[PDB]
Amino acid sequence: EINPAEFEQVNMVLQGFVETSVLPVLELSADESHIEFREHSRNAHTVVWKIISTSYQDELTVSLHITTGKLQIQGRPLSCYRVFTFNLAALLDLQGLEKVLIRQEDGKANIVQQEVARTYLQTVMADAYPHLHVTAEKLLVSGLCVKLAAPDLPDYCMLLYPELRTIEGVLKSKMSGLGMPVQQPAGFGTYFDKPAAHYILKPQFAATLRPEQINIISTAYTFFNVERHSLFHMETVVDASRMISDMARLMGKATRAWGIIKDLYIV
């Protein structure tokens, strides 16, 4: 089989944006070692940026229509798209999140009864649910509505974005509160070694913690890192046999993610 993402064209418009909101998303995107951005043009009505990959040939055009608040994304749904929409995701309303995650118009996430999707999230998070940050709760509920109404797609891998962005925020605040700030250079990596396939906290940082703190931080970062690396580096384009074509398999990854999120809050 062949992954269809590299033959696909993206040209979508997202509502309710101002430039102050878009700048940090571009900067976050450019923290990836293969991603950079630049401003291409600016006048009174429109500002256009270009996100490019320094590895594979790829360029994403992002246009803010200032007067209307509309943010347009144009290109292919490859690495620049995956990176930019990941960092954009927590800012989006339900309509916008669905568009970036399923890459179609006329999605149906807006027909899902939100209170029923919330009771789903309440059940899985259990004693973690009241600890959820406002942004996380909204992203996870909106992400559940997107999963619940997803159309038939060849690859569901992008539907894990709400969980992975949520892991990122909780991991960041948890490590920061434990004396391990995560900031722009080095990032998470200054805290972890990687023998075999798993990341474990370096000895000097582990030595300050209890064993359950050590374990949840290491297992959370490993899951976040491996899953996000696979998405950002198009691993399922390079190896189409790894496409998540089964929604039950996607949910298997989502339930694992929910368990990590839960543990990150109750420790």
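Numbers follow the displayed sequence, beginning with 1.
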Higher-B stretch (mean Cα B-factor, as the entry records it), 75-83 or 113-121 | 113-121
Mean temperature factor over C-alpha atoms, higher-scoring stretch between 51-59 and 38-46 = 51-59
Choose from 243, 18, 14, 254 the residue with the greatest Cα B-factor as stated in the PDB record.
-> 18
For 188, 161, 129, 156, the deposited C-alpha B-factor is largest at 188
Residue 199: which third of its chain by C-alpha temperature factor?
-> highest
Third of chain Cα B-factors occupied by residue 107 = middle
Record-listed C-alpha B factor of residue 170: chain third | lowest
Cα B factor band for residue 224 (lowest, middle or highest third within the chain) | lowest
Among the chain's modelled residues, which third holds the C-alpha B-factor of residue 93?
-> middle
